[PDB]
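One chain is shown next in structure tokens, namely the form deposited in one PDB entry.
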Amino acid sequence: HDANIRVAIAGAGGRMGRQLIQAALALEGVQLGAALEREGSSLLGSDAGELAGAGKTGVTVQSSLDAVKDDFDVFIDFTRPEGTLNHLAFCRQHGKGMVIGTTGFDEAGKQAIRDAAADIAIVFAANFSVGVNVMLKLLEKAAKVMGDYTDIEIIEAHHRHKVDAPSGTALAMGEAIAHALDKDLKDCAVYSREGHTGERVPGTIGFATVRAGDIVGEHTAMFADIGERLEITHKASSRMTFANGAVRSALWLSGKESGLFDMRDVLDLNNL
């Protein structure tokens, strides 16, 4: 954006890097610090933010943390677990704040992350969508209220390549509701309905899963009664959703250097 908190975007020609750039650009109060990328990169040294279209930006993609360690405040990393660990150890060093959206660490990789937080302020999360995280919070408000009277159904659609049903956001949704009811998902979940199934059992949570086309991700929780239903739906149209989520966090980091946070923290979902 150009503003009071400057940022460097790790995996610059990543599907993630491309979109974080636009967001960095876009969002008030952040400014594009640096735009690193792999050494073997073609996009190296040259650029700016022109995968985020956005023509000439004046910050040029790179390959050394040292080259630019001076050109940003918060390190946004959507990379591969390998890089993050390098990034990690560097940021701890120069006390650089990070925002890790990289996934797939083993226990050792997480621990490293928990550890750095000791010295470094870190937002580390598996879903940076702001809509998704709010929704999960809302679902749990709703359940406290209607949960016991209502039939609660969860319906998700994704593209034709998604490989496990239900999706994890969907389970996540099942679980917030379930937990709001002191109950247990595994106890009341029903993922299939085929043939004669008999009338719906009270208190169970049903899942319905649609797979088609190019659908990025659509999740609705229905709280149904006699005479009404309440529905809370999230639709993702692009990966941009994660992007603004991380950048927003990048901005939230400014001013902290305690340890370890997530989107509840950034979002304050917990006082909502």
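By rigid core we mean the largest C-alpha set that fits within 1.5 Å across both forms. When you see a residue number, it is the position in the sequence shown, counting from 1.
If you look for the form deposited in another entry, you will not find it shown, but the lines that follow are about it.
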Self-check item: Shifted position (C-alpha, 2 Å or more, core held fixed) between the shown form and the other one, chosen from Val68, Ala236, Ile232, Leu27
Solution: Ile232
Self-check item: Displaced residue check between the shown form and the other one: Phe90, CA, 2 Å or over, core reference
Solution: no
Quiz item: Superposing on the rigid core, is the CA of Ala180 displaced by 2 Å or more between the shown form and the other one?
Solution: yes
Quiz item: C-alpha of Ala116: shift of 2 angstroms or more between the shown form and the other one, rigid core aligned?
Solution: no
